[PDB]
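Letters A, B, ... mirror the listed sequences (proteins, then strands); counts begin at 1. Both backbone and side-chain heavy atoms feed into the values below; hydrogens, waters and symmetry mates do not.
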Amino acid sequence: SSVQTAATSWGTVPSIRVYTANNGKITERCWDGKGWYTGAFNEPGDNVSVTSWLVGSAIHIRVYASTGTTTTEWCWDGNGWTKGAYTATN
Amino acid sequence: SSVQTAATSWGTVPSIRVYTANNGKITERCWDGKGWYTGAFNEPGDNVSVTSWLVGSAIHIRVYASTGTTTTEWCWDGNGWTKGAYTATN
Amino acid sequence: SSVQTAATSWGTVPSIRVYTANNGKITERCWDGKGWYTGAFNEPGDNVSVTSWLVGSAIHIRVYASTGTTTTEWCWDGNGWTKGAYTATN
């Protein structure tokens with residue numbers, strides 16, 4: 001299996017975030033208009049998806065990181081990554 | 001291979017949908033502001049992607065479900081899932 | 001491994017683009033309101049993700065194509081595909 005990516009963007013600049021799962025680790029590369037840099041997001045995963053929405057001045061990002069049959073939602077809401085309430089079943 | 005996900009979101013609440021392909025079946029988990037629940041979407045797939053757009057009061061969702069070399073588009077347009085016109089070639 | 005897809009959409013029509021990685025090649029299917037057609041995008045990849053944003057009359061698309069541990073960003077900015085500045089590390 002090749003590395004696996006997920007991408008999202010917001011605004012008009014725009015800002016872009018690209019998440020890459022490589023050998024069980026997801027890392028984050030960021031564009032905010034002038035140069036790519038490495039973002040804070042660094043969590044385990046073989047598979048990744050992402051969605052985002054911009055409300056006011058805060059970007060809200062949800063990254064779904066999967067290893068085996070376990071999917072962990074990671075949340076950015078303008079001030080730090082947290083593990084969210086998402087579960088795959090009740 | 002780990003489970004594989006795809007995510008989309010809309011509005012300001014927001015609403016989120018997360019599709020998970022697990023052992024050949026795609027299922028759907030939904031957030032509309034207070035609690036995750038299991039959505040109606042339940043179709044075959046080893047791979048999934050999604051996109052969506054909100055027009056008026058109706059969310060329009062397109063889920064691309066793949067098994068082997070066959071990709072099936074599933075459509076939500078506010079009142080039920082249907083298999084759409086998408087084909088991978090003419 | 002089944003084929004792998006990524007999808008994006010824009011506008012109200014809407015326009016949809018679906019990228020499919022199949023046997024190391026990514027191809028593109030397009031909807032702009034009346035019929036699916038094959039788009040110009042044709043580049044190597046085992047994995048694909050996409051994001052897009054509409055500014056003025058130009059759609060801007062970013063397709064992240066991965067083979068092995070190499071991820072190539074492809075950019076549409078209204079007048080042709082180009083390989084962008086994205087790198088996975090500095």
Checking heavy atoms, do the side chain of [X], its backbone, both or neither come under 4.5 Å from chain C?
| X | value |
| --- | --- |
| B:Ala65 | neither |
| B:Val50 | backbone |
| B:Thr89 | backbone |

Kindly give the heavy-atom pair with the smallest separation between [X] and [Y], and that separation in Å.
| X | Y | value |
| --- | --- | --- |
| C:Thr5 | B:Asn47 | N-OD1, 3.0 Å |
| C:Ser2 | B:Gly68 | OG-N, 3.0 Å |
| B:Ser52 | C:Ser9 | O-OG, 3.7 Å |
| C:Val3 | B:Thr69 | CG1-CA, 3.8 Å |
| C:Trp36 | B:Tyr64 | CH2-OH, 3.8 Å |

Please classify the contact of C:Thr20 with chain B as side chain, backbone, both or neither, using a heavy-atom distance under 4.5 Å.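 Only the side chain of C:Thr20 comes within 4.5 Å of chain B.
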For chain C, find which of B:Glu73, B:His60, B:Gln4 contributes the most heavy-atom pairs closer than 4.5 angstrom.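 If we count pairs closer than 4.5 Å to chain C, B:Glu73 comes out on top.
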Any idea which of B:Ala88, B:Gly45, B:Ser1 has the most non-hydrogen atom pairs under 4.5 angstrom with chain C?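 Sorted descending by pairs with chain C, the first entry is B:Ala88.
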I'd like to know whether B:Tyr86 forms a side-chain contact (heavy atoms from CB on, under 4.5 Å) with C:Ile16, so could you lay out the CA-CA distance, the side-chain angles of the two residues, the decisive distance to 0.1 Å, and finally the verdict. CA-CA 10 Å; B:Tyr86 175 86; C:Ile16 310 166; over 6 Å; no
Just checking, any donor-acceptor pair under 3.5 angstrom between side chains of C:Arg29 and B:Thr87?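 Looking only at side-chain atoms, B:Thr87 and C:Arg29 do form a donor-acceptor pair, the distance falling under 3.5 Å.
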